[PDB]
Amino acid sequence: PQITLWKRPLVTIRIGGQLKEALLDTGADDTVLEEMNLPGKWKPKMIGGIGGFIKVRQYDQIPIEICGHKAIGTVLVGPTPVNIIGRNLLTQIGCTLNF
């Protein structure tokens, strides 16, 4: 598909047995999801953006389906105001910027 940018590029993702709305975010190196109690091991991490840093939990090898395209990789979980699909998963679903 092609997604224009008049509005936020929110799409449906499926992770850990839940469907969620998330931004397709070319400015995000990593994928950052709203607080959720995912199973398995994790590592603490702090990530920085506008306003400063937040603390997140890094889960690896998590299956995430994005608009019917399967992905698997690292997901960071923490108190973000929006779910963010970052480049680590965008590349896996074949996403490019075009102009």
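Throughout, rigid core stands for the largest set of C-alpha atoms superposing within 1.5 Å between the two forms. The numbering used is simple: start at 1 and walk along the sequence shown.
Of the two segments 11-19 and 86-94, the one whose CA positions lie farther from the displayed form in 8 other deposited structures of this protein, once all are superposed on the rigid core, is 11-19. Comparing the deposited coordinates for 24-32 and 37-45, the stretch with the larger average C-alpha B-factor is 37-45.
Stretches 50-58 and 64-72 differ in mean CA B factor, with 64-72 having the higher one. Remark: of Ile85, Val11, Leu19, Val77, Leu19 shows the highest value [criterion: C-alpha B-factor in the PDB entry]. Per the PDB record, residue ranking by Cα B-factor puts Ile3 in the middle third of the chain.
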